[PDB]
4 protein chains.
Amino acid sequence: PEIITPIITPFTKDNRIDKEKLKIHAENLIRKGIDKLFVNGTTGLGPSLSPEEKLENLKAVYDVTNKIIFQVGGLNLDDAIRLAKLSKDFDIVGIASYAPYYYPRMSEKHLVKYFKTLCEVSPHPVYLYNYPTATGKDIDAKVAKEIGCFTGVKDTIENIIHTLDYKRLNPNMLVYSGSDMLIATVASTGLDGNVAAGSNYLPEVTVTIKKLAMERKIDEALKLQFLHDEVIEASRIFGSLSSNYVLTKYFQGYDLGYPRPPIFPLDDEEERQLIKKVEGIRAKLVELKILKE
Amino acid sequence: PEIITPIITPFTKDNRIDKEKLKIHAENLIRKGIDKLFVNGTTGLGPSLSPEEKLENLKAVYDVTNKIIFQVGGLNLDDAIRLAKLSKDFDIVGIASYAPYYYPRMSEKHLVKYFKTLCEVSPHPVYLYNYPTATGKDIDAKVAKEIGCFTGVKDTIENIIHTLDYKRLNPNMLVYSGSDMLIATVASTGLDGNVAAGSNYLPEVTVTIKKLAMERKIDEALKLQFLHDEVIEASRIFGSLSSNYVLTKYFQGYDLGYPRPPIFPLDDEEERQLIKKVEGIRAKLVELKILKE
Amino acid sequence: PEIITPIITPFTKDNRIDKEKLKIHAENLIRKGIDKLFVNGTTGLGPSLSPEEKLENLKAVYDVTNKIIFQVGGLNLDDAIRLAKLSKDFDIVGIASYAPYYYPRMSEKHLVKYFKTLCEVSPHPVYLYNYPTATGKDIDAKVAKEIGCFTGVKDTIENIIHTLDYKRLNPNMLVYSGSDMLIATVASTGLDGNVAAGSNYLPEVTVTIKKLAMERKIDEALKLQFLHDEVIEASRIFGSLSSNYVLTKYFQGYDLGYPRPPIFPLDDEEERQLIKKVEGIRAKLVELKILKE
Amino acid sequence: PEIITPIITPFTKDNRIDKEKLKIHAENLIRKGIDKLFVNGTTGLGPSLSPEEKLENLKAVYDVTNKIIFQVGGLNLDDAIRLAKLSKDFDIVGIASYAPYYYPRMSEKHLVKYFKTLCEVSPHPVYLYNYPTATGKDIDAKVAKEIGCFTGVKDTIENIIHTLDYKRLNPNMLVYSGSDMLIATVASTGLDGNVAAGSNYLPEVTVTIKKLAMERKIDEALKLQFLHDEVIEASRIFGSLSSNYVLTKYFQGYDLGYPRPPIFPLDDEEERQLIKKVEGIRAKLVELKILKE
Ligand SMILES: *[C@@H](C[C@H](O)[C@H](O)CO)C(=O)O
Ligand SMILES: *[C@@H](C[C@H](O)[C@H](O)CO)C(=O)O
Ligand SMILES: *[C@H](C[C@H](O)[C@H](O)CO)C(=O)O
Ligand SMILES: *[C@H](C[C@H](O)[C@H](O)CO)C(=O)O
């Protein structure tokens, strides 16, 4: 199974993508063993990016690696098709899309038509990004089977039965969990890996969890998974999407600029409180030799 | 109380806004007794419009009327602030925003900041568009009070206790329900009216439910409310946002072109089946003299 | 429209029904203008009562009045049938049942059969007690129509569109809201009344809101409804079912003993903090001559 | 890890517990390798049982094996205390309780006090039965740690993150999933097993999944798990609690009488239809040498 990072998008204080900070982060993740990078995902604020900015993300990360799944979805199908077509010139792993968001109670037929349209124009394997809480609707294993053209799915949902059903109904699909908390379990249970937001700031931890689980060191894998869970939980206190920038600086040492408002940066008081929640974990990880310092 | 129309956005065959068609629709709404037009709302596919398109919509409708509430919200706060500022040379009723959508679990602090920012830059009264199911979060009476700068609220929620609480906690605030099914009830119970999607295609009915209820003719208001409910229900069969276009052409006699995919137009057969569901209702309304021929 | 009290079941210090206190409570409710008493409801802790105790509550209240709806539902259909049958010697308004609770995913067919079974053996008119949050299932206007034998419905739900639909789909059905916060609205919108927990302790307030709304004094009815809402809200702080006991003694001047654990009594401090939250309101109602003091 | 059966309670035509049938089923389960029996659980319709019937189930099952977890909870705490103190004379594994069900919005303090009360009187280890959808309340790993007296937990929830959390926050606690669909996964990931409704009718399948997973034959375990999932899905067509009876007689060859209405028995036609849905699965199981024929 693989660890895939939904890469954060660094923005400048002028609210533009900071390409040079993006490349440093991408080079580091690849160096520390991350298999592939998911670009324009939730963690990268994809829904806050214009199509031009989605493409800009791909270009900059493509300077570092071709190990990329390129998220192109949105509420203007013509723009999503254009991005899909444009990816022809990049030797990447796949494109992806979440379901059309915001609008409640979209028919099954319309949702299927949306995805099959992307498949029809896609010059690469197409990944489903299933995230019901964010998008307001579910594209479960049976609907995915009906769409019929997915190479893989990232299933972000608090229900592993739901995730296993993709494998059960679609044996040749790649099936990933969107949870950092499930890296040990997913590697234990025959699933294909994790697109793990926490691998932005602790790629070492997520890779080592997966390694230990593969080795069938399940108790050791769980011990480390449970320390990583505490960092995930600390990140959620002030808002994980914002906290991810702070934790990446803290653990990896380079910064990633600002998020894009209304995803606001943590203020000084919030940062201090976040660091006090994780510095002990950071000590344990250095002790364990997972982190250098 | 008032009937406000979240006006449909007509698109051409090639996915641009049909400005002349939008002006015809707007003019007919005003002439048929609609009080204001809520531009770039959900019914208008506001989340699917770039900021420039949001501005185009305001300019087209403004050629017809200044009775406008201009919705400017989005996931790029620099863009919504720009739209808010640009509205200064339009003598309109107000600007509006839904909450930042898609991203789950955004903090009270951050949501509060987003809306206080818009109010800080706004040259007009600001209206809250509260839509928990689409945006994934709720800006209730309490949070509205803490933001402290809203002139009015559109509450799209089935819970009328929730809507009544805006008035309870903010006595001066104008408070509209986002439901077509609650026109008689809103009018009876001391609230300020409805922002009603179905008034796009049946403005005569929604204006008449309001008036009946205003005159304490509750049984009659309800009779007509219950008829209108059947039309809402039929619009949901193939997708209300797509169905609104078909109903407007059917009931009002002019067309509004296409929605924007992934809000896909109904096909011929769905159009036919939709019309069959509402024929006998059209007939009742002609007979009641609410509609002509 | 009516105000109906889902009467509290006072328990003794050794966890038995206090018959004398229940008769004293029932006399006062009837004296103060309450229309009917709903016995073994949620407020009465019906699900915590054995079938014997549910009969005992009926016998006691019936000493005071004929104006009783007798709730008999439970997870043993034979006991519910037996309570239905035993009601034949009581000259009461009707019997009632919530849907079978606890077990999720019960089929529509098995739900219809449970209610049709009770209608088949009932010597009295049958009222639907619809409470989806408590029971885990919804018996909506269309399901009620399918069951076909309800004389009325109490709909405890935060969605008045849902409550209105009972009237729409079943024009002869009596339709009550289970909300205290909706007394002004329900009377202004053509529904039949409220089965209101808060009328245990403020029957005078509930009757007055209803009267003011009936007389079309909506702003007066709201002002009063909004004050009542603050009392409801205070009661939720430490748990409504437990607080109702404390409030009834505070406002009506007699003791109602204890709830039945695990609905635990308020402790001295909770009781003191609660009274502190409503004492300003008690003063205002005295000043308005709604409460005599 | 273990497979624990939440054993069905067989009822006679006249709605009493069929002791002899219960004993035969209990005996067969143990002989087929089931580790422990969970008595008066959801599958055994415990909320539909009086305290006297809960105790009668314990006595009959105790004739067969002492490997019993005795579920005692309900909405009368005195009766649950009584059942707990009565279990003193039985040399069994433990007692258990779900949270007080039906009543929404019970405070954490009241839920804690309910369980600690049962812990203070228990003559055996105490197990948490956590079932949020059925009871309306979640007693999560943090609340479990606060209560402080649980030897183990049965977590009936699809979110395995939530189940792993009990282990994380309470490392000495026995942690079981209530899902039949998570048997391979739970065994793989270092949890203690499953309390599986489907082990009533396919005990041999559930124990083999567990053993395959234990042997790290994940693909083989999943294959069998996926077949087992199809029987669970089939059981849900006409209602799982009712269907469990028909499947047990079908797969195990003896009958378990009747459920207790409103859990109504399947009819002849529904039985025929269910069997036709699982026939082909039975053939697969025979071909895999799990079942004889
Ligand atoms: C995917 C990873 C998950 O969707 C986020 O965990 C959900 O917050 C991504 O694109 O970030
Ligand atoms: C426990 C087993 C689970 O609670 C169910 O199988 C899911 O409803 C039980 O006691 O039946
Ligand atoms: C307002 C009306 C409601 O928001 C929608 O009708 C709900 O679908 C609007 O902006 O369209
Ligand atoms: C009816 C009152 C409402 O059903 C509950 O108070 C809602 O909590 C009853 O029987 O109490």
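Residue numbers start from 1 in every chain, and the chains themselves are labelled A, B, ... in the order their sequence lines are given, proteins ahead of strands.
Proximity to chain A (any heavy atom under 4.5 Å) is shown, for D:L164, by both the backbone and the side chain. Both the backbone and the side chain of A:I161 come within less than 4.5 Å of a heavy atom of chain D. Both the backbone and the side chain of D:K167 come within less than 4.5 Å of a heavy atom of chain A. If you measure heavy-atom distances from A:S179 to chain D, the contacts under 4.5 Å come from the side chain alone. Only the side chain of A:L222 has a heavy atom closer than 4.5 Å to any heavy atom of chain D.
With D:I160 as the fixed residue, the side-chain contact (heavy atoms from CB on, under 4.5 Å) test singles out one of A:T189, A:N159, A:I160: A:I160.
Options A:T163, A:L182, A:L191 differ in how many heavy-atom pairs under 4.5 Å they form with chain D, and the most are formed by A:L182.
Around NZ of D:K32, the count of heavy atoms belonging to other residues, nucleotides or ligands within 6.0 Å exceeds 12. The number of heavy-atom neighbours closer than 6.0 Å to CZ of A:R105, taken from other residues, nucleotides and ligands shown, is 12 or below. No more than 12 heavy atoms of other residues, nucleotides or ligands sit less than 6.0 Å from atom CD of A:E158.
At a threshold of 4.0 Å, the pair D:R216-A:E215 does not count as salt-bridged, since none of the basic side-chain nitrogens sits closer than that to a carboxylate oxygen.
Note: D:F226 CZ to A:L169 CG = 9.5 Å, rounded to the nearest 0.5 Å.
Using a 4.5 Å heavy-atom threshold, the side chains of D:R168 and A:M181 count as touching.
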